[PDB]
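Structure first, then comments.
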Amino acid sequence: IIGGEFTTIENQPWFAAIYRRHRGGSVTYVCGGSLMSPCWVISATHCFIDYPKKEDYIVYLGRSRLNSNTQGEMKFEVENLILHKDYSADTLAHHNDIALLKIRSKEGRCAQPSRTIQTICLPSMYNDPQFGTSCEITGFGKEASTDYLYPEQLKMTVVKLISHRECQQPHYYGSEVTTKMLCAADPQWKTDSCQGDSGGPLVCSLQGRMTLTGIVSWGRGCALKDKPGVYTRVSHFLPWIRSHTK
Amino acid sequence: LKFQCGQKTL
Ligand SMILES: NC(=[NH2+])c1cc2cc(-c3cccc(-c4ccccc4)c3O)[nH]c2cc1Cl
């Protein structure tokens, strides 16, 4: 996250950190995700596409730091890794960039609720907040587009949803943004999501609930003028989610 | 206790 503040998982208790193991001993961060129900975490397909071997990923819930432990955290294995059928990327956009990970602890259990582990709510069918709404994004992604390391402390920031008309302006993203995407930016192009925040949540309040409105997916640069962050429009994928989380 | 989606507790 560019700008923003440093926070603790109690402020985003549904945030999931996904890492990949390497033969050799290291573990590297891959993407963020969100807990939808006790056994399911949703993220973005592009985070797994190049290495879809589930046995090599680890998921942690209740984590405020990247490589050090947080007391209360839970470690999980990926029982099922579901990528979207129709996922495609072009020169910028990723279409149908959503993925599901069914998690299982080494003891055979799913997530358990605590002050650091909570689920986030799903929107109702094609129901979104109106443009203008301020939503928050959280993650361990880059703090500057030139950095080559991720922060150790979790960050959060607030961005506003913008209309498709504004985002599809030729000088923003044009037709690359579709109806299954949402754009969000900072009025002053000061704070934004960046590489590493990928797969994580865009949370807004809908009908009184903190709802997972988007998944961090793509953007040109990070915090660049007239280059909003583009998120997967979760409300348009509910049938697909249902199809696997029944 | 049990999950209540969208609720933070601080
Ligand atoms: N708000 C933005 N401007 C923005 C920037 C980036 C940048 C990325 C990104 C850049 C390089 C690699 C990956 C990546 C590739 C494979 C696995 C994981 C991440 C990214 O997600 N994702 C992004 C998502 C967003 Cl909204």
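By convention here, the chains of the structure tokens are called A, B, ... in the order presented, each chain's residues are numbered starting at 1, and ligands are numbered starting at 1 in the order presented.
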- Item | Distance query residue 10 of chain B at most 9 Å, only C-alpha atoms, self and fewer than 5 positions along chain excluded, as number ranges by chain | A: 10-11, 115
- Task: For chain B, report every residue with an atom at most 6 Å from chain A (counting only C-alpha atoms), formatted as a PyMOL selection string.
- Result: chain B and resi 2-3+5-6+9
- Message: Using only C-alpha atoms and all ligand atoms, which residues have at least one atom no more than 7 Å from ligand 1? Output them as a list in words.
- Response: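 Sorted by chain and then by number, the residues are residues 30, 31, 46, 47, 48, 192, 193, 194, 195, 196, 197, 198, 216, 217, 218, 219, 220, 221, 222, 223, 227, 228, 229, 230 and 231 of chain A.
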With N, CA, C and O atoms retained, export the selected residues as a compact mmCIF listing (two decimals), in the first residue's frame.
# COMPACT_ATOMS: atom_id res chain seq x y z
N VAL A 30 3.10 -14.29 -1.15
CA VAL A 30 2.55 -14.33 -2.52
C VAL A 30 1.43 -13.25 -2.65
O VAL A 30 1.60 -12.30 -3.38
N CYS A 31 0.34 -13.42 -1.95
CA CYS A 31 -0.78 -12.46 -2.03
C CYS A 31 -1.61 -12.47 -0.77
O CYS A 31 -1.42 -13.28 0.11
N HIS A 46 -4.66 -14.79 -10.65
CA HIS A 46 -3.29 -14.44 -11.11
C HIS A 46 -2.21 -14.65 -10.05
O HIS A 46 -1.05 -14.63 -10.40
N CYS A 47 -2.61 -14.84 -8.83
CA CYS A 47 -1.60 -15.06 -7.77
C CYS A 47 -1.08 -16.51 -7.84
O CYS A 47 0.03 -16.80 -7.45
N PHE A 48 -1.91 -17.37 -8.38
CA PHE A 48 -1.57 -18.84 -8.50
C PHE A 48 -1.29 -19.38 -9.88
O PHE A 48 -0.60 -20.37 -10.01
N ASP A 192 -2.70 4.22 -2.58
CA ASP A 192 -3.23 3.16 -3.50
C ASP A 192 -2.69 1.78 -3.07
O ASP A 192 -1.89 1.69 -2.15
N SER A 193 -3.16 0.78 -3.77
CA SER A 193 -2.75 -0.62 -3.52
C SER A 193 -1.57 -0.76 -4.52
O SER A 193 -1.43 0.08 -5.40
N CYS A 194 -0.78 -1.79 -4.36
CA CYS A 194 0.36 -2.02 -5.26
C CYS A 194 0.66 -3.52 -5.24
O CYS A 194 -0.03 -4.30 -4.62
N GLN A 195 1.69 -3.87 -5.93
CA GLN A 195 2.14 -5.28 -6.04
C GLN A 195 2.26 -5.86 -4.64
O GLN A 195 2.88 -5.25 -3.78
N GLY A 196 1.69 -7.01 -4.42
CA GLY A 196 1.80 -7.61 -3.06
C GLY A 196 0.49 -7.47 -2.34
O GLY A 196 0.20 -8.24 -1.45
N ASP A 197 -0.28 -6.47 -2.72
CA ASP A 197 -1.62 -6.27 -2.07
C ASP A 197 -2.62 -7.13 -2.88
O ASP A 197 -3.74 -7.34 -2.44
N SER A 198 -2.16 -7.55 -4.02
CA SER A 198 -2.88 -8.39 -5.01
C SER A 198 -3.67 -9.51 -4.28
O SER A 198 -3.12 -10.08 -3.36
N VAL A 216 -8.20 -6.99 -4.89
CA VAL A 216 -7.10 -6.23 -5.53
C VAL A 216 -6.66 -7.05 -6.76
O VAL A 216 -6.17 -8.16 -6.59
N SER A 217 -6.81 -6.51 -7.94
CA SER A 217 -6.43 -7.22 -9.19
C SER A 217 -5.30 -6.55 -10.07
O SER A 217 -4.23 -7.13 -10.18
N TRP A 218 -5.54 -5.41 -10.67
CA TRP A 218 -4.46 -4.80 -11.51
C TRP A 218 -4.50 -3.31 -11.57
O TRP A 218 -5.41 -2.66 -11.10
N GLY A 219 -3.51 -2.75 -12.17
CA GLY A 219 -3.47 -1.27 -12.30
C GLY A 219 -2.19 -0.90 -13.01
O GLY A 219 -1.29 -1.71 -13.05
N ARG A 220 -2.12 0.29 -13.54
CA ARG A 220 -0.88 0.71 -14.24
C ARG A 220 -0.11 1.44 -13.13
O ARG A 220 -0.59 2.43 -12.60
N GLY A 221 1.04 0.93 -12.82
CA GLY A 221 1.85 1.55 -11.75
C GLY A 221 1.03 1.42 -10.45
O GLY A 221 0.13 0.60 -10.33
N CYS A 222 1.41 2.23 -9.53
CA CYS A 222 0.78 2.30 -8.20
C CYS A 222 0.76 3.79 -7.92
O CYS A 222 1.75 4.46 -8.11
N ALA A 223 -0.38 4.23 -7.49
CA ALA A 223 -0.67 5.65 -7.14
C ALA A 223 -0.28 6.58 -8.30
O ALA A 223 0.33 7.61 -8.06
N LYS A 227 -4.77 6.62 -13.16
CA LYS A 227 -4.53 5.15 -13.29
C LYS A 227 -5.04 4.57 -11.95
O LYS A 227 -4.29 4.29 -11.03
N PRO A 228 -6.35 4.43 -11.83
CA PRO A 228 -6.99 3.83 -10.63
C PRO A 228 -6.54 2.37 -10.40
O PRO A 228 -5.89 1.77 -11.23
N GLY A 229 -6.93 1.82 -9.31
CA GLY A 229 -6.56 0.40 -9.06
C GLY A 229 -7.85 -0.23 -9.58
O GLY A 229 -8.90 0.38 -9.42
N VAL A 230 -7.75 -1.40 -10.16
CA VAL A 230 -8.96 -2.09 -10.70
C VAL A 230 -9.11 -3.34 -9.83
O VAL A 230 -8.15 -4.06 -9.58
N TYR A 231 -10.31 -3.57 -9.41
CA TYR A 231 -10.67 -4.71 -8.54
C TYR A 231 -11.72 -5.61 -9.17
O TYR A 231 -12.50 -5.12 -9.96
- Name the residues of segment 4-194 of chain A that come out as strand (DSSP E or B) in a backbone DSSP run; write them as a PyMOL selection string. chain A and resi 5-6+15-21+27-37+40-43+57-61+65+74-83+88-89+94-95+99-104+121+134-139+153+155-162+181-185+192
- Task: Identify, on the basis of only C-alpha atoms, every residue whose closest approach to segment 180-191 of chain A does not exceed 9 Å; exclude the query and any residue fewer than 4 positions from it along the same chain; express the result as JSON, numbers by chain.
- Result: {"A": [1, 2, 3, 4, 95, 96, 131, 134, 135, 157, 158, 159, 160, 161, 162, 163, 164, 166, 167, 202, 213, 214, 222, 223, 224, 225, 226, 227, 228, 229, 230, 231, 232, 233, 234, 235, 236, 237]}
Give me a file of those residues, with N, CA and C atoms, as an mmCIF file, in the first residue's frame.
data_model
loop_
_atom_site.group_PDB
_atom_site.id
_atom_site.type_symbol
_atom_site.label_atom_id
_atom_site.label_comp_id
_atom_site.auth_asym_id
_atom_site.auth_seq_id
_atom_site.Cartn_x
_atom_site.Cartn_y
_atom_site.Cartn_z
ATOM 1 N N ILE A 1 0.899 -1.167 0.000
ATOM 2 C CA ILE A 1 0.000 0.000 0.000
ATOM 3 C C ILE A 1 0.933 1.212 0.000
ATOM 4 N N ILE A 2 0.591 2.163 -0.812
ATOM 5 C CA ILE A 2 1.386 3.410 -0.935
ATOM 6 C C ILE A 2 0.633 4.350 0.040
ATOM 7 N N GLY A 3 1.312 4.956 0.960
ATOM 8 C CA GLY A 3 0.613 5.868 1.902
ATOM 9 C C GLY A 3 -0.081 4.971 2.871
ATOM 10 N N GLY A 4 -1.154 5.431 3.416
ATOM 11 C CA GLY A 4 -1.888 4.583 4.364
ATOM 12 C C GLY A 4 -1.236 4.667 5.715
ATOM 13 N N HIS A 95 -9.030 -10.733 -16.398
ATOM 14 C CA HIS A 95 -10.490 -10.859 -16.429
ATOM 15 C C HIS A 95 -10.733 -12.076 -15.569
ATOM 16 N N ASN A 96 -11.857 -12.074 -14.894
ATOM 17 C CA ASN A 96 -12.293 -13.183 -13.984
ATOM 18 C C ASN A 96 -11.133 -13.528 -13.053
ATOM 19 N N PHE A 131 -20.776 5.000 -6.546
ATOM 20 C CA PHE A 131 -19.432 5.576 -6.697
ATOM 21 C C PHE A 131 -19.403 6.724 -5.674
ATOM 22 N N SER A 134 -16.288 5.508 0.220
ATOM 23 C CA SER A 134 -14.872 5.321 0.655
ATOM 24 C C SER A 134 -14.839 3.885 1.142
ATOM 25 N N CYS A 135 -13.845 3.158 0.710
ATOM 26 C CA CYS A 135 -13.680 1.733 1.102
ATOM 27 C C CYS A 135 -12.234 1.648 1.577
ATOM 28 N N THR A 157 -5.394 1.611 4.016
ATOM 29 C CA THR A 157 -5.586 2.987 3.482
ATOM 30 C C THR A 157 -7.073 3.025 3.048
ATOM 31 N N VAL A 158 -7.516 4.191 2.656
ATOM 32 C CA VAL A 158 -8.912 4.408 2.215
ATOM 33 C C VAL A 158 -8.828 4.993 0.815
ATOM 34 N N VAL A 159 -9.693 4.475 0.001
ATOM 35 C CA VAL A 159 -9.761 4.903 -1.410
ATOM 36 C C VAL A 159 -11.265 5.095 -1.722
ATOM 37 N N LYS A 160 -11.583 5.725 -2.813
ATOM 38 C CA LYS A 160 -13.013 5.921 -3.153
ATOM 39 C C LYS A 160 -13.319 5.168 -4.433
ATOM 40 N N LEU A 161 -14.527 4.708 -4.491
ATOM 41 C CA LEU A 161 -14.960 3.961 -5.705
ATOM 42 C C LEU A 161 -15.229 5.056 -6.766
ATOM 43 N N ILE A 162 -14.879 4.798 -8.000
ATOM 44 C CA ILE A 162 -15.126 5.814 -9.064
ATOM 45 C C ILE A 162 -16.078 5.098 -10.055
ATOM 46 N N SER A 163 -16.737 5.856 -10.892
ATOM 47 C CA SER A 163 -17.690 5.241 -11.870
ATOM 48 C C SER A 163 -16.968 4.585 -13.038
ATOM 49 N N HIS A 164 -17.651 3.747 -13.774
ATOM 50 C CA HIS A 164 -17.029 3.074 -14.929
ATOM 51 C C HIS A 164 -16.838 4.164 -15.954
ATOM 52 N N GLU A 166 -15.912 7.173 -15.685
ATOM 53 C CA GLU A 166 -14.627 7.851 -15.369
ATOM 54 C C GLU A 166 -13.453 6.937 -15.641
ATOM 55 N N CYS A 167 -13.582 5.713 -15.253
ATOM 56 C CA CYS A 167 -12.457 4.768 -15.471
ATOM 57 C C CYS A 167 -12.230 4.356 -16.922
ATOM 58 N N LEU A 202 -11.110 -5.222 -0.725
ATOM 59 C CA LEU A 202 -11.561 -3.818 -0.956
ATOM 60 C C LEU A 202 -12.855 -4.001 -0.120
ATOM 61 N N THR A 213 -16.260 -5.920 -1.275
ATOM 62 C CA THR A 213 -16.762 -5.389 -2.571
ATOM 63 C C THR A 213 -15.786 -5.714 -3.716
ATOM 64 N N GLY A 214 -14.496 -5.698 -3.481
ATOM 65 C CA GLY A 214 -13.569 -6.018 -4.595
ATOM 66 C C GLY A 214 -12.334 -6.784 -4.091
ATOM 67 N N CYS A 222 1.410 2.232 -9.528
ATOM 68 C CA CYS A 222 0.778 2.301 -8.203
ATOM 69 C C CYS A 222 0.755 3.792 -7.925
ATOM 70 N N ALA A 223 -0.380 4.229 -7.485
ATOM 71 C CA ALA A 223 -0.666 5.652 -7.143
ATOM 72 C C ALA A 223 -0.278 6.583 -8.295
ATOM 73 N N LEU A 224 -0.647 6.208 -9.498
ATOM 74 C CA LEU A 224 -0.313 7.071 -10.682
ATOM 75 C C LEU A 224 -1.597 7.845 -11.057
ATOM 76 N N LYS A 225 -1.386 9.086 -11.401
ATOM 77 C CA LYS A 225 -2.515 9.963 -11.789
ATOM 78 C C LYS A 225 -3.242 9.305 -12.959
ATOM 79 N N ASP A 226 -4.540 9.354 -12.853
ATOM 80 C CA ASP A 226 -5.510 8.789 -13.834
ATOM 81 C C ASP A 226 -5.317 7.318 -14.118
ATOM 82 N N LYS A 227 -4.768 6.619 -13.157
ATOM 83 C CA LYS A 227 -4.526 5.146 -13.285
ATOM 84 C C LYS A 227 -5.037 4.575 -11.947
ATOM 85 N N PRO A 228 -6.345 4.430 -11.835
ATOM 86 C CA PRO A 228 -6.985 3.832 -10.633
ATOM 87 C C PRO A 228 -6.543 2.369 -10.402
ATOM 88 N N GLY A 229 -6.935 1.815 -9.306
ATOM 89 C CA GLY A 229 -6.561 0.404 -9.057
ATOM 90 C C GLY A 229 -7.848 -0.231 -9.577
ATOM 91 N N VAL A 230 -7.755 -1.397 -10.164
ATOM 92 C CA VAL A 230 -8.964 -2.085 -10.700
ATOM 93 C C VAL A 230 -9.106 -3.340 -9.829
ATOM 94 N N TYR A 231 -10.314 -3.575 -9.406
ATOM 95 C CA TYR A 231 -10.668 -4.714 -8.538
ATOM 96 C C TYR A 231 -11.718 -5.611 -9.173
ATOM 97 N N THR A 232 -11.707 -6.872 -8.797
ATOM 98 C CA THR A 232 -12.701 -7.860 -9.334
ATOM 99 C C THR A 232 -14.005 -7.435 -8.583
ATOM 100 N N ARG A 233 -15.094 -7.364 -9.321
ATOM 101 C CA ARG A 233 -16.432 -6.952 -8.772
ATOM 102 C C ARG A 233 -17.092 -8.208 -8.250
ATOM 103 N N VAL A 234 -16.786 -8.472 -7.022
ATOM 104 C CA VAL A 234 -17.312 -9.663 -6.317
ATOM 105 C C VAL A 234 -18.840 -9.896 -6.500
ATOM 106 N N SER A 235 -19.642 -8.868 -6.426
ATOM 107 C CA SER A 235 -21.130 -9.009 -6.579
ATOM 108 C C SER A 235 -21.549 -9.661 -7.895
ATOM 109 N N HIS A 236 -20.667 -9.658 -8.864
ATOM 110 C CA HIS A 236 -21.004 -10.264 -10.177
ATOM 111 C C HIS A 236 -20.477 -11.698 -10.252
ATOM 112 N N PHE A 237 -19.868 -12.176 -9.203
ATOM 113 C CA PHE A 237 -19.335 -13.568 -9.215
ATOM 114 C C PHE A 237 -20.020 -14.450 -8.202
#
- Message: Using DSSP secondary structure from the backbone, list all alpha helix (DSSP H) positions within segment 56-223 of chain A, as a ChimeraX atom specification.
- Response: /A:164-167
Selection file, N, CA and C atoms, as a compact mmCIF listing (two decimals), in the first residue's frame:
# COMPACT_ATOMS: atom_id res chain seq x y z
N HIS A 164 -17.65 3.75 -13.77
CA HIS A 164 -17.03 3.07 -14.93
C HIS A 164 -16.84 4.16 -15.95
N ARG A 165 -17.75 5.08 -16.08
CA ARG A 165 -17.58 6.17 -17.09
C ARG A 165 -16.23 6.87 -16.91
N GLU A 166 -15.91 7.17 -15.68
CA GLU A 166 -14.63 7.85 -15.37
C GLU A 166 -13.45 6.94 -15.64
N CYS A 167 -13.58 5.71 -15.25
CA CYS A 167 -12.46 4.77 -15.47
C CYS A 167 -12.23 4.36 -16.92
Need to verify the contact set: residue 243 of chain A, 12 Å, only C-alpha atoms, exclusion of same-chain residues closer than 4 positions in sequence. Can you return it as a tab-separated table (two decimals) with C-alpha atoms, in the first residue's frame?
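Result went into result29.tsv, see below:
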chain	number	residue	atom	x	y	z
A	82	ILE	CA	-10.07	-23.28	-7.35
A	84	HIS	CA	-11.66	-19.38	-12.43
A	100	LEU	CA	-10.96	-19.79	-3.82
A	237	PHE	CA	-19.34	-13.57	-9.21
A	238	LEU	CA	-21.72	-14.76	-6.51
A	239	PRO	CA	-23.14	-17.66	-8.64
- Item | Contact residues around residue 66 of chain A with only C-alpha atoms at 9 Å, ignoring same-chain residues under 6 positions, as a list in words |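 These residues fall inside the cut-off: residues 17, 29, 140, 150, 151, 152, 153 and 154 of chain A.
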Any chance you could export the current selection's N, CA, C and O atoms as a short mmCIF file (atom, residue, chain, number, x, y, z; two decimals), in the first residue's frame?
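What landed in part31.cif:
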data_model
loop_
_atom_site.label_atom_id
_atom_site.label_comp_id
_atom_site.auth_asym_id
_atom_site.auth_seq_id
_atom_site.Cartn_x
_atom_site.Cartn_y
_atom_site.Cartn_z
N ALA A 17 -3.11 -14.07 4.72
CA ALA A 17 -1.76 -13.90 4.11
C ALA A 17 -1.38 -15.28 3.52
O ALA A 17 -1.36 -16.27 4.23
N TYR A 29 6.22 -14.42 0.51
CA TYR A 29 4.80 -13.96 0.49
C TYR A 29 4.34 -13.98 -0.95
O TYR A 29 5.12 -13.68 -1.83
N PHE A 140 0.13 -6.28 2.67
CA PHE A 140 1.60 -6.25 2.90
C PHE A 140 2.32 -5.91 1.59
O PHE A 140 3.50 -6.16 1.49
N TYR A 150 8.82 -6.17 0.69
CA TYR A 150 7.46 -5.89 1.25
C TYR A 150 7.67 -5.43 2.71
O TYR A 150 8.60 -5.87 3.37
N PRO A 151 6.81 -4.55 3.20
CA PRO A 151 6.86 -4.12 4.61
C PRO A 151 6.61 -5.31 5.53
O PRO A 151 5.99 -6.27 5.13
N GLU A 152 7.05 -5.18 6.74
CA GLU A 152 6.87 -6.27 7.72
C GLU A 152 5.59 -6.04 8.49
O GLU A 152 5.06 -6.98 9.05
N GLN A 153 5.12 -4.83 8.50
CA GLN A 153 3.88 -4.51 9.24
C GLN A 153 2.74 -4.32 8.25
O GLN A 153 2.97 -3.77 7.19
N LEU A 154 1.59 -4.77 8.66
CA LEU A 154 0.37 -4.67 7.81
C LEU A 154 -0.02 -3.20 7.65
O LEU A 154 0.15 -2.44 8.59
#
- Message: Between atom CA of residue 168 of chain A and atom CA of residue 92 of chain A, what is the distance in Å, rounded to a tenth?
- Response: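 Atom CA of residue 168 of chain A sits 13.5 Å away from atom CA of residue 92 of chain A.
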- Message: For a test of reading the model, state the distance in Å between atom CA of residue 199 of chain A and atom CA of residue 64 of chain A, rounded to one decimal.
- Response: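 Taking atom CA of residue 199 of chain A as the start and atom CA of residue 64 of chain A as the end point, the length is 16.9 Å.
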